[PDB]
Every structure is written in structure tokens, then in C-alpha cells.
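To start, the structure under review is shown below, and the notes come after it.
What follows draws every value from the coordinates through simple rules; no lab data is involved. Counting neighbours? That spans all protein chains shown, and the Cβs are built from the backbone with ideal geometry, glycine included.
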Amino acid sequence: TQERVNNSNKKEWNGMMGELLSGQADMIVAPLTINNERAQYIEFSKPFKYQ
Amino acid sequence: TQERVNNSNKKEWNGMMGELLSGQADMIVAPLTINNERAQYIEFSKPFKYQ
Amino acid sequence: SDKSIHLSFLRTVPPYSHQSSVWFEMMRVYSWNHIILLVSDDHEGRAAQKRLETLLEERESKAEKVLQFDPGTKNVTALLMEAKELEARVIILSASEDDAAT
Amino acid sequence: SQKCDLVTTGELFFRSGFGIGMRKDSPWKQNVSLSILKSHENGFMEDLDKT
Amino acid sequence: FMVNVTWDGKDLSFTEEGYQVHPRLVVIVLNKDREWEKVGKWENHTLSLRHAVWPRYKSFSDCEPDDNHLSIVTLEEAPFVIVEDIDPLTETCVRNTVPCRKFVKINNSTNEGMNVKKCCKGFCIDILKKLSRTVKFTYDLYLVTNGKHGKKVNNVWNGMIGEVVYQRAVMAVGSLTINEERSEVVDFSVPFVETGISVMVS
Amino acid sequence: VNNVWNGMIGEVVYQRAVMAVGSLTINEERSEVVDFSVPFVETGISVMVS
Amino acid sequence: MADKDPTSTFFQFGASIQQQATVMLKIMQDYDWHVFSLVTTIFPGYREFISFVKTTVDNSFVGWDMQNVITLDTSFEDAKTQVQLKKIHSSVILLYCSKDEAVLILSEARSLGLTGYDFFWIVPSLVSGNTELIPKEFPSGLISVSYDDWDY
Amino acid sequence: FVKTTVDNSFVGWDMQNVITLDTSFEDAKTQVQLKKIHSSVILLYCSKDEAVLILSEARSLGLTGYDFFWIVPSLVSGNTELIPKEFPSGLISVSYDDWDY
Amino acid sequence: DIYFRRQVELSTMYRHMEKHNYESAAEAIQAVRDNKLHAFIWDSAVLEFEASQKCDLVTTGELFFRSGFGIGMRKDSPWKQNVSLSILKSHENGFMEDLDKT
């Protein structure tokens, strides 16, 4: 999720998404969900489930 | 309830509202539920019933 | 080139922003859309990188990676090792003299 | 209420009371509204409703 | 030796370029006599203005008269208009509440207090917002602390209505109720909520 | 039919009309020929016997 | 000045083009104006202003609705400037010019009718002269963060 | 006639500012009057030379483009063989039938 | 939390959940079955499977914010088109339903 960096004023991607926005990245597969903020930076695929 | 004249695109009234507006009557004391199309040009009063 | 600090100037020689523009033009029709570049940390390198980046936006693309090294340095092995693990063999090194030799 | 063979089921919508209508320029407007409000407050209307 | 230098209490230091870390910026406006005023002062990290609300300056010597901005009076009561406290973090008024301001009074001879900002939401506020969108007029909503809905005492109206009586507020949205004596002084609009005098017993 | 489309898909692929709003179902051949966007209504194949 | 030789010890007491931006942002936030626009001419330093305003408005959560970031740069009377200026419909306008261009733009806007009782230009420092050469075009009620000369 | 026949219509028109360039293009009131036209349909009515002058002035004010539909009466589009340069390509002007009949 | 902050009307009812959220997915479930919490909002699949398996709790309510899952990518990688086509083919082939069955 988006969050403000401690002892600062900027914001960065924490959690599992931060790894995707870093060297590890590649082909993250997990019970992810589609949202506007998530789709703004990275791009998803066709859904493989509905919930 | 207002309507259009025969084959002419010019609105005109009828019934009680038409009789009052066409300089025939002077007061319309009767059940005359307040609306918006009516109140455009007839000065209503404070209601004496609530239905 | 900045009119703010040199409000009285003119010349008949292209700057190295034109060099970056020609880089883009020559790369454009060659099927080499994996551009990465090396920039010296000074005013010239910043201007070259900005010009290349603003020219690349006219194609809805982006640079694969961007790297910088201290001007007049002597140990650049780490930076080069950081540039190896990628799939872009199109290096656009734009250093200055002795830095280029190193 | 009188011929209780039918029923009055369902809720009520488009709440708007009745009123006494007259032309836009008439010297009876404010006085008529004041009289209606005064009667409504002092309870003459409730007697009519009961009767 | 100049990046982290402090002297004589008023700490001032430089960083990287010639940007003084703590500047002394001020704000100026064009007065009606064509001179620069001295509103606000960016001292340390807060703007610290001097005008609570914008004084609505006149554009030119041949501009149209101001006939849209107006003052609206309401008080807090019921689930019609409720006043909350300003959020400490993100010092703005949430998302949907309008910025109403109330006159705050302390106690004793020190009761003279500034116009604190305590913005409010409710049911009548929704109608006010819809009316503002439809008729296209901007307001200066402000709460009232002088009394109650209104009672003619000593041949002078006090509370809400009195304001509208004495040309101090062109509108009195809120939880008023129509009456006979009340309607003689001011002119009401068509009712939008039915009411009366009911009785409740536990 | 005969390597030529017709209908909603036919107009879009022949540079005759941008967008194909309506009741169009994402499939395999269609996505190979004409690219879609994010789905907004869930649907599939369902039998109906009462 | 913006850039300096890396062998110098010359320092000033003014304020950079980045600090005035946050000053006007605070001014806009305090009075609850929010929606605004960013008409700017072409002048050395405009791209930095636009980028800084974009970054500041992005990395914050107050609900600023910035739209119609105009960059009028071709003449001041032809069709392009007219239509682009007409596109504006906000209640706060934040411009960035250099005196003469600013007075020309303000005159054009008044002729179009954008300087009534419900508009507040917030042009920064650059268009403030020496605070003693006011042209007969600046509308009364024009915010411009500047330096202090009365204070001390 | 336009004002009277627009008040009796059920289609809900959107009557907007009406202008009257009384001056002979003095460039003081005509320009400011013409500048504030935010609509998309204009129902100009003038003489042929005055129409040419007005359209020439309007072309330089960014008021005629891909979506700006002018409508003109018959007395402007007169002899249909002396079309000047200033007339935009595409403008509806009802006239009389001199081709057939 | 993104959904709740997006909806301002829900943001009014956000504080109670804001100051009482947990830090995992199964610990809050253990607390719920330990008679410490009685509420939950998660993905449909996880809660439904948990209710079906643990024959102690049930899911009551109507599905809302019906947003499907999806495999992730970065920026614009060459793998996107082929992966999406393969996922669609698996959906139309009956493979996904069979895998969900097992």
C-alpha cells in the first residue's frame, strides 16, 4: 500500500509491491487484487478469478 | 395540467389554471396541490393541508 | 545555453544537446529500443540526459537504465558491474576525456 | 374511512400540500398567507379537520 | 564551515547552493490606493496570516458590483447541522463538511476570543450545498452565539432572526420553524420538512 | 468466415470504427485479432433448465 | 542565481524559485481554494516551476484538483492563446511571467473578462518590480510573495 | 421573432447573450463584445459586406474551427457566384430555389 | 484500506476499523474463533474456503466491490501478451475449473 516515509514527507510502495518495484520483481503471482492505484504504476493481466 | 394547442408548438393551459390565468377568475380556492410547473407563474400561498 | 545566467550570448555551433538529438535520430530507425546511458555527474551530463529523456518521451518509451559516476573518479568497477545484469547491449557512454578513458 | 370496502395500503411519496392560488400581482397575497398561518397556529383548522 | 552555522539565537544556515535554509519571505497585496500591504509572514514553518477571511477586494474602478458573495447564519442542533472539531493531522476540513466558523469566547474579562474555525456538516448543510450548486452563489457561512432561534424580548429580536432583522445576514438556513409573528418581520420560503407539536412519553 | 470478420468485430479491425461498446465477450481469437480492455461485467456459459 | 561555479564562495539572502512555490501552495491551502490552474509563459525556469508544482501536488493528500496546465508561448493575440486562455474555468489562477509578459497577459485576461470579483491571481515574486513601479494594469488584490523591506 | 418563438418551445432552448455591433467595427466595443461568445452555434444576421468583415475579424479571434457551426439568412448568401475568401468552408444558409424551378 | 479511504462516506465509518485492524490474515481469524472479534472483511475465496473447511463459522452477506484477481507484471514487459493469452486459453479450455475442483 502507499504510505509516507517515516521522518520525511515523500511516499513509497511498501510490502510485497515494493519488491516488484525493485530488482526482484519479475512475475509476481499471488492472491493479488485489481485497483486503480495498483494499476497506475504496474500493469496487470486478464483476471484468473472473481471474488 | 398544461398541454399544447392543436398542431401548434405553443403551450397553453386549461381547466382551473387556464381559467384563472385568462383573466376570467380571480381566486382558485380548491384542492390545487403545489407543483413546480404551476408555481412558475401563479403565486401560491402557504399550504393549508399536507398530503 | 541557459539564458538566465548568460543573458548576453550567441553562437554558431550546435551544443551537445544536438549531439543527443542526433543520437536519438540515428538510433530511431535501427531497432535498438533498449537505450541505457552513462552520465558524468556535472552540468554537461545532466543536460545531455535531460535532452535525451525529453526527446524519448515523443515515442512513448523510456530508458532501460540510467547510471552516473563521480566526475574525475578512479574506481568505476562497481558501476559497470551494476550495468551487466540486463538485456540492453546498446551502451551510450558520454563521459569526458580521462573519465572516458578510465 | 366511509365505505370501508377498499384499503389504503402502500407508502406515500411526492409530499406537497395544497394551497390557494392567485396571479403574480395581487394585493391579497401577504394578508392571505398571514391569515392562513394564524388560523393554522391557533387551531381553527383542526376543528374543521375533525368536523 | 557554513552548512551548520548558528549565531545569536536566530539560527540561519546554508545548504548546497546559495539557498538560505530559513528565508524571510512575506506576502503582499495590491491595496485600493495602489500600494503593497503586509498581510501574512512566513516566519519559520507556518504561514501565520493576519486576516481570518478574505476581505473581498475590488478588482478595478469599472468592475461589476459584488452581488453573489453573502453571509449565512446557522446554529448547531439536532441531526440537521452538527459542528465537529478540526482534524489535527491534515489541517483541512475532511472531505464533505463546509467550513463554517464560530465566534469563540473564553471566560471572565479574557472572554474576548478570536474567530476560530470549527467546520460543520449535517442535513441543512446538504440543502445549502445543492442550492449553491444550482443557483450558483458563494457563501460565507458562520455560526451564531448570541441566543437561540429567536424571541422578541425588550422589543428587539435576539438570536439568528435578529441578525436577519438588522441587515447582518441575508439568509438564515438551519432549523427554523414558520410562525405568525415570526413571518411578519421576515419573508420565508416554501417548507421542505413537515413538523408540528407532538408529545413523547417513555 | 473465409478469413473475413463481420459484425462488431468486423467494423473495428477494418479501420472503420474505433470502439465496439455493447455486449461483447472476451475470447481467444478476438483478443488475438482485436485487443480488449478491462472487463466490467462477470459472465460465462450457464445452462438454464427449470 | 540558479547555478554557480563549483569553485566559489558567493552567497545571497533571497529565496529560490522552489520556496516561493510552497509559500503560494500554503496560501492556497489555508483559505480553502484548492481548485486552480497553472498558466505559464516561456521563460528560463518555467519547466522547473511546473515540475516542482506537480511533485508537491502529487505527494500530498488534501484533494487539490489541478487542471488545464496551459503553456501559452506563441504570440499574445492570435487564435492559440485566445482559445487556450478561454479553456480556463477555475477560481484561482497561478501564473509565472516576467513583468512585461505578465502585464500583457493580465490585460488580455481582463479584456476576456477573467478579472472580476471572483478571481485571485497569485503571480510570484518575479512580477513584483521594486514595489514602486506599479503599472496601470495589475488588478487590486493580486498576491505575490516577495522579500521583506518594511520588516527590518 | 426569435425571442418570441423561443419562449413557446417544449424542446428547451438555451438562449444566451445577444450582441448588436452598432459601431462600424471601431475595435473598442466590437472586439470585447465578440470575445465572450462561449457557445457553439452562431446565428449571424447582417449585410454581405458587414458579414465579410465580421467573419474576417472572427477568424483571427479563434472563434471558427472544426466545431463552430454558423447559420446565415438568405440576404447574406445572395448571388451564389461571388463567394469571397472569408466564408468558412461549411455554413448553412437557407435561400430560394434558383437551380430547379 | 484503499477502498475504505476512497469512499468518503465509508471514511466516516473508517475510524472504528482504522484503530482496530490486525497485521495478518489468519491471526485475526484465530482471534475471531477465540471469541475476541466478531467481524471480518477479506477476499471472497479465502473466507468462503475457511468457512467450508472449519465447520464452525459461516459467511453472511452480499458480495460487493466485485474486483477479480490477477497475476502481476512490471512497467511494460514482453511477457504480458503471451501470459494473458495463455490465461484466457486456460479459462476457455476447462483447465481452471478442473484445477479449482481439485
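Reported count of residues in the range H:42-63, each being within 14 Å of chain G (Cβ to nearest Cβ), more than 17 Å from G:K86 (Cα to Cα) and exposed (fewer than 14 other Cβ atoms within 10 Å of the Cβ), is 0.
Take the residues in the range G:95-152 that are more than 8 Å from chain E (Cβ to nearest Cβ) and β-branched (V, I, T), then tell me which one is surrounded by the fewest Cβ atoms within 10 Å (Cβ to Cβ). Here the residue is G:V103. Taking helices (runs of 4 or more DSSP H) as the structural unit, no element lying wholly within the range E:123-202 holds at least 2 residues that are within 12 Å of chain D (Cβ to nearest Cβ), surrounded by fewer than 18 Cβ atoms within 10 Å (Cβ to Cβ) and among the hydrophobic types (A, V, I, L, M, F, W, C).
Within the range A:1-33, the set of residues being surrounded by 15 or more Cβ atoms within 10 Å (Cβ to Cβ) and assigned to a loop (DSSP other than H, G, I, E, B) comprises A:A25, A:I28, A:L32. What's the number of the only condition in (1) within 11 Å of chain G (Cβ to nearest Cβ); (2) not in a loop (DSSP other than H, G, I, E, B) that E:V73 fails to meet? The failed condition is (1). The residue of the range A:35-51 that is surrounded by the fewest Cβ atoms within 10 Å (Cβ to Cβ), among those that are within 7 Å of another protein chain (Cβ to nearest Cβ) and closer than 29 Å to G:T56 by Cβ, is A:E37.
Based on what the data block shows, is G:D32 touching a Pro at 6+ places or on another chain (Cβ under 8 Å), away from chain H (no Cβ under 14 Å) and of a type in the set (D, E)?
Answer is yes for this residue.
Would you call I:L57 within 12 Å of A:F48 (Cα to Cα), more than 7 Å from chain A (Cβ to nearest Cβ) and of a type outside the set (F, W, Y)? It is false that I:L57 is within 12 Å of A:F48 (Cα to Cα), more than 7 Å from chain A (Cβ to nearest Cβ) and of a type outside the set (F, W, Y).
For the structure I just gave you, tell me whether G:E101 is touching a residue at least 60 places away in the same chain (Cβ under 8 Å) and not polar (S, T, N, Q).
Yes; evaluated as a whole, the condition is true for this residue.
A single member of D:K3, D:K29, D:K38 is surrounded by 10 or more Cβ atoms within 10 Å (Cβ to Cβ) and more than 7 Å from chain B (Cβ to nearest Cβ), and it is D:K38.
C:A78 meets the conditions (1) aliphatic (A, V, I, L, M); (2) surrounded by 12 or more Cβ atoms within 10 Å (Cβ to Cβ); (3) away from every other protein chain (no Cβ under 14 Å) in every case but one. The failed one is (2).
Listed by first and then second residue, the pairs linking a residue in the range H:82-98 that is within 16 Å of H:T64 (Cα to Cα) to a residue that is outside any loop (DSSP other than H, G, I, E, B) and among the basic types (K, R), with Cβ atoms under 8 Å apart and 6 or more places separating them unless they lie on different chains, are H:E86/H:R59; H:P88/H:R59.
For the range C:1-15: of the residues being more than 20 Å from G:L126 (Cβ to Cβ) and among the hydroxyl-bearing types (S, T, Y), which is farthest from the other protein chains (Cβ to nearest Cβ)?
Applying the filter and picking the extreme gives C:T12.
Pairs linking a residue in the range C:10-28 that is touching a residue at least 12 places away in the same chain (Cβ under 8 Å) to a residue that is among the basic types (K, R) and surrounded by 10 or more Cβ atoms within 10 Å (Cβ to Cβ), with Cβ atoms under 6 Å and 6 or more positions apart or on different chains, are C:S17/C:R51; C:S20/C:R51. Of all the residues in the range B:1-25, those that are more than 7 Å from chain D (Cβ to nearest Cβ) and closer than 21 Å to D:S33 by Cβ number 4. The set of residues in the range G:15-29 that are more than 14 Å from chain C (Cβ to nearest Cβ) and over 15 Å from E:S48 (Cα atoms) comprises G:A15, G:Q18, G:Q19, G:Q20, G:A21. Evaluating C:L10 against the criteria (1) farther than 30 Å from G:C97 by Cβ; (2) part of a loop (DSSP other than H, G, I, E, B) leaves one unmet condition, (1).
The set of residues in the range G:116-152 being of a type in the set (S, T, Y) and touching a strand residue (DSSP E or B) at 6+ places or on another chain (Cβ under 9 Å) consists of G:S125, G:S128, G:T131, G:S140, G:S144, G:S146, G:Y147.
In the range G:50-75, what residues are out of contact with any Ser or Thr (no Cβ under 9 Å at 6 or more places or on another chain) and more than 30 Å from E:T97 (Cα to Cα)? Passing the criteria: only G:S51. The single condition among (1) assigned to a loop (DSSP other than H, G, I, E, B); (2) in contact with a helix residue (DSSP H, G or I) (Cβ under 9 Å, 6 or more places away or on another chain) that F:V47 does not satisfy is (2).
One residue stands out in the range I:1-54 among those that are under 30 Å from I:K101 (Cβ atoms), assigned to a helix (DSSP H, G or I) and of a type in the set (A, V, I, L, M, F, W, C): the one that is farthest from the other protein chains (Cβ to nearest Cβ), namely I:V32. Just to be sure before I move on: is E:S59 of a type in the set (G, A, S) and more than 9 Å from chain G (Cβ to nearest Cβ) in the structure I sent? No; evaluated as a whole, the condition is false for this residue. Exactly one residue out of I:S77, I:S44 is surrounded by 13 or more Cβ atoms within 10 Å (Cβ to Cβ) and under 30 Å from C:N33 (Cα atoms): that is I:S77. The set of residues in the range G:64-76 that are more than 12 Å from G:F36 (Cβ to Cβ) and either surrounded by fewer than 12 Cβ atoms within 10 Å (Cβ to Cβ) or within 14 Å of chain E (Cβ to nearest Cβ) (or both) comprises G:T74, G:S75. Before we move on, is H:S39 surrounded by 13 or more Cβ atoms within 10 Å (Cβ to Cβ), polar (S, T, N, Q) and more than 11 Å from every other protein chain (Cβ to nearest Cβ)? Here the answer is no, as H:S39 does not meet what is asked. Of all the residues in the range E:111-122, those that are of a type in the set (A, V, I, L, M) and part of a strand (DSSP E or B) number 1. In the range F:1-44, the residue that is surrounded by the fewest Cβ atoms within 10 Å (Cβ to Cβ) out of those that are within 14 Å of another protein chain (Cβ to nearest Cβ) and not in a loop (DSSP other than H, G, I, E, B) is F:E29.
Among the residues of the range E:86-110, those identified as more than 21 Å from E:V73 (Cβ to Cβ) and either part of a strand (DSSP E or B) or out of contact with any strand residue (DSSP E or B) (no Cβ under 9 Å at 6 or more places or on another chain) (or both) are E:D87, E:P88, E:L89, E:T90, E:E91, E:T92, E:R95, E:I106, E:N107, E:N108, E:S109, E:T110.
B:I42 passes every criterion in (1) under 26 Å from D:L34 (Cβ atoms); (2) in contact with an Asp or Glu (Cβ under 6 Å, 6 or more places away or on another chain) apart from (2).
Of everything in the range H:21-64 that is of a type in the set (G, A, S) and more than 14 Å from the chain's Cα centre (by Cα), the residue that is farthest from G:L114 (Cα to Cα) is H:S24.
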